[PDB]
Amino acid sequence: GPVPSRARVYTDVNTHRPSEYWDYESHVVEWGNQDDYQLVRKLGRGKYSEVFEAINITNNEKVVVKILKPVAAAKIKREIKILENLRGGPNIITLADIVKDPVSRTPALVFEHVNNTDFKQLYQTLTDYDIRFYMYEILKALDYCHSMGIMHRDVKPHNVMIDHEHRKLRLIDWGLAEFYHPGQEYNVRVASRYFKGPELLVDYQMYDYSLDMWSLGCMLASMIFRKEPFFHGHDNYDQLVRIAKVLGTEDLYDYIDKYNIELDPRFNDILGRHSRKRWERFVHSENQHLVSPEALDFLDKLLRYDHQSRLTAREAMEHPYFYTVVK
Ligand SMILES: Nc1ncnc2c1ncn2[C@@H]1O[C@H](COP(=O)(O)OP(=O)(O)OP(=O)(O)O)[C@@H](O)[C@H]1O
Ligand SMILES: Brc1ccc2[nH]ccc2c1
Ligand SMILES: Brc1ccc2[nH]ccc2c1
């Protein structure tokens, strides 16, 4: 069968913390007062929750309320335990309260409000320096959560809120996050299509923190190359073919051979034979202002098939790409 895998970092974090830390099922939720919050406007609805801009009437401060759908209401102790564990961590969204919504009869998570700058506006105007700056901020959140024995599993642009005026960034939506336990087989049905790591696309279940590093690399490639999304698959199968057209099929076969993984036979008639492309192929006059040899070297070390071969978040922070960032 498949060869086992374990993270190269933070492998022992959940065994050396008390069981109360990771055993989310045993956690007793401390319910707050739903009357403290007045819903103001519906911001959006996803598959797992309805999101509202609200006001905390006990302090007159803006808050964000996530009213969980019943499908999310089952795995809420996991999200709550993760949010409580990571609270106060660098660039981690702050869970302010947990209340019972009187209408939905489900939990509503109350978060600090972030006056986020419009996503299109940030993608279209962030400078080379700003991309480095904000990428370093995201790395602080990922190294923190990984050091805390947690993988986000849904790193993507919409889960990174930026208040550009205050140079403030928060990593949000911890609903898909999990505790990392060496040897555990996880569900591969995580992350958004364009950000799914090759381990998910080849159904390799014994993955770890490094999945977040692939997703981060997909965001960086889209940002510096002005190509949204960078790997533009029609479905989960074409998603792997899109990756193979850039990294090449030879390294993909070396990856699946190393882990004794068998590709779905449906890849026999769609994968083809592709050489690895040099990152310079993606540079053009409209993105050259965002590209540098250090950006390309950094990206090359995130976007690797072998999950054990990608930079870790702490190693990534040491990369020359960040030397210009004021610390
Ligand atoms: N902490 C927060 N502060 C301010 N706005 C927030 C916060 N968390 C979420 N939002 C709001 O959530 C809205 C986005 O809707 P929703 O949260 O359902 O999905 P998303 O983050 O766009 O992506 P996805 O649902 O695919 O993960 C935005 O209007 C954003 O301002
Ligand atoms: Br760099 C960077 C990282 C995450 C982001 N989310 C929205 C804009 C943006 C920029
Ligand atoms: Br980094 C990054 C990559 C792609 C994006 N699309 C919209 C915001 C954004 C940020």
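Position 1 is the first residue of the sequence, and the numbers go up from there.
Ion pair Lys120/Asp118 not flagged as a salt bridge, since none of the NZ, NE, NH1 or NH2 atoms sits closer than 4.0 Å to an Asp/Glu carboxylate oxygen. For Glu84 and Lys81, the salt-bridge test fails: no basic side-chain N is under 4.0 Å from an acidic carboxylate O. Between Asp254 and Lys258 there is no salt bridge, since no side-chain N of the basic residue sits under 4.0 Å from a carboxylate O of the acidic one. The residues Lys66 and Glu79 are annotated as salt-bridged, a charged nitrogen and a carboxylate oxygen being separated by less than 4.0 angstrom. A salt bridge does not link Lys156 with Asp173: none of the charged nitrogens is closer than 4.0 Å to a carboxylate oxygen. Remark: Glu53 does not engage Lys62 in a salt bridge, criterion side-chain N to carboxylate O under 4.0 Å. A salt bridge between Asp300 and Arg276 is present, with a side-chain N of the basic residue lying under 4.0 Å from a carboxylate O of the acidic one.
Distance check, rounded to the nearest 0.5 Å: CG of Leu263 to CD1 of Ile256 gives 4.0 Å. Rounded to the nearest 0.5 Å, atoms CG (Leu211) and CD (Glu199) are 5.0 Å apart. Taking CG from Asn14 and NE2 from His181, the interatomic distance works out to 5.0 Å, rounded to the nearest 0.5 Å. Interatomic distance, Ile172 CD1 to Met161 CE, rounded to the nearest 0.5 Å: 5.5 Å. Between the CD1 atom in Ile98 and the CD atom in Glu30 there is a gap of 8.5 Å [rounded to 0.5 Å]. Note that CG of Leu290 is 4.5 Å distant from CD1 of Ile131, once rounded to the nearest 0.5 Å.
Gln34 places no side-chain N or O within 3.5 Å of a backbone atom of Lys100 that could act as its donor or acceptor partner. In this structure, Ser147 contributes its side chain and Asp143 its backbone to a donor-acceptor pair below 3.5 Å. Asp238 places no side-chain N or O within 3.5 Å of a backbone atom of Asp235 that could act as its donor or acceptor partner. Between the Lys77 side chain and the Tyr24 main chain, no donor and acceptor come within less than 3.5 Å of each other. With hydrogens and angles ignored, the 3.5 Å screen pairs no side-chain donor or acceptor of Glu185 with any backbone N or O of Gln205. In this structure, the side chain of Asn91 engages the main chain of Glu137 through a donor-acceptor pair within 3.5 Å. Using a distance-only test at 3.5 Å, with no hydrogens or angles considered, no donor-acceptor pair links the side chain of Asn33 to the main chain of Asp35. Between the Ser49 side chain and the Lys69 main chain, no donor and acceptor come within less than 3.5 Å of each other. Of the possible polar contacts, none joining the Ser192 side chain to the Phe195 backbone as a donor-acceptor pair under 3.5 Å is found. At distances below 3.5 Å, at least one donor-acceptor pair connects side-chain atoms of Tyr21 with backbone N or O atoms of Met148.
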Should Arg170 and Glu112 be marked as a side chain to side chain contact (heavy atoms under 4.5 Å, CB included) after you check the CA-CA gap, both sets of side-chain angles, and the distance that decides it? CA-CA 10 Å; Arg170 298 290 185 268; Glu112 68 178 301; 3.4 Å; yes
List the steps, then state whether side chain to side chain contact (heavy atoms under 4.5 Å, CB included) holds for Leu139 with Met213. CA-CA 9 Å; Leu139 288 169; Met213 299 311 293; 3.8 Å; yes
What's the verdict on side chain to side chain contact (heavy atoms under 4.5 Å, CB included) for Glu165 and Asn115, showing C-alpha distance, side-chain angles and the deciding distance? CA-CA 9 Å; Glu165 295 177 63; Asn115 178 30; 4.0 Å; yes
Using the rule given for side chain to side chain contact (heavy atoms under 4.5 Å, CB included), can you reason through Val110 versus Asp36, listing the C-alpha separation, both sets of side-chain angles and the distance that settles it, and then say yes or no? CA-CA 11 Å; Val110 183; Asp36 293 349; over 6 Å; no
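In the displayed structure, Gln38 atom CD is contacted under 6.0 Å by at most 12 heavy atoms of other residues, nucleotides or ligands. Residue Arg193 places its CZ atom among more than 12 non-hydrogen atoms of other residues, nucleotides or ligands, all under 6.0 Å distant. Counting non-hydrogen atoms of neighbouring residues, nucleotides and ligands closer than 6.0 angstrom, the CD atom of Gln184 exceeds 12 such neighbours. Within a 6.0 Å radius of CD in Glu262, other residues, nucleotides and ligands contribute 12 heavy atoms or fewer. No more than 12 heavy atoms of other residues, nucleotides or ligands sit less than 6.0 Å from atom CZ of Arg314.
Nearest heavy-atom pair across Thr117 and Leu122 is O-CD1, 3.5 Å. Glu294 and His319 get closest at one heavy-atom pair: O-CE1, 3.3 Å. Scanning both residues, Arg281 and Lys277, for their nearest heavy atoms gives NH1-CD, 3.5 Å. Between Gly217 and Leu299, the shortest heavy-atom contact is O-CD1, 3.3 Å. Of all heavy-atom pairs spanning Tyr204 and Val188, the tightest one is O-CG1, 3.7 Å. When all heavy atoms of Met317 and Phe322 are compared, the closest pair comes out as O-CD1, 4.1 Å.
Residues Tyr37 and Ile57 form no side-chain contact, since every pair of their non-hydrogen atoms from C-beta on lies 4.5 Å or further apart. Two residues are said to be in side-chain contact when any heavy atoms from C-beta on lie closer than 4.5 Å; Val160 and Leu171 meet this criterion. With a 4.5 Å cut-off on side-chain heavy atoms, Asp208 and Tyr186 do not count as touching. Side chains of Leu303 and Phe231 form a contact here, defined as non-hydrogen atoms less than 4.5 Å apart. The shortest distance between side-chain heavy atoms of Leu68 and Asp101 does not fall below 4.5 Å. Two residues are said to be in side-chain contact when any heavy atoms from C-beta on lie closer than 4.5 Å; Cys145 and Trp174 meet this criterion. Inter-residue side-chain proximity for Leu200 and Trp214 is flagged as unmet; no heavy-atom pair is nearer than 4.5 Å. Within the 4.5 Å cutoff, side-chain heavy atoms of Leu296 are placed close to those of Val291.
Counting only N and O atoms by type, the side chains of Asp12 and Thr15 include no donor and acceptor under 3.5 Å apart.
Close placement of the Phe282 and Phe230 rings is indicated, their centers lying within 6.0 Å of each other.
Among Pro157, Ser215, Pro229, the single residue meeting the side chain to side chain contact (heavy atoms under 4.5 Å, CB included) criterion with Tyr194 is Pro229. Test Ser210, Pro198, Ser309 against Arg304 for side chain to side chain contact (heavy atoms under 4.5 Å, CB included) and you get one pass: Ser309.
Taking the six-membered ring where the residue is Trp, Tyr259 and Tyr255 present perpendicular rings, their angle passing 60° and hence far from 30°. Between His146 and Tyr209, the two ring planes are tilted [angle within 30° to 60°].
Residues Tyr144 and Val155 are members of one and the same hydrophobic cluster, defined by side-chain heavy-atom contacts under 4.5 angstrom among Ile, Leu, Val, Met, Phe, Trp and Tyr. If you chain together hydrophobic residues whose side chains sit under 4.5 Å apart, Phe179 and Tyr207 never meet in one group. There is no path of hydrophobic side-chain contacts, each under 4.5 Å, that joins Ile67 to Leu176. Residues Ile92 and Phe133 are members of one and the same hydrophobic cluster, defined by side-chain heavy-atom contacts under 4.5 angstrom among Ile, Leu, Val, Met, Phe, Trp and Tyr. No path of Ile, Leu, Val, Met, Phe, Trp and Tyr side chains, each step under 4.5 Å between heavy atoms, connects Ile76 with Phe52, placing them in separate hydrophobic clusters.
Taking the centre and axis of the six-membered ring of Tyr134, the NZ or CZ atom of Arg167 falls inside the cone set by 45° and 6.0 Å.
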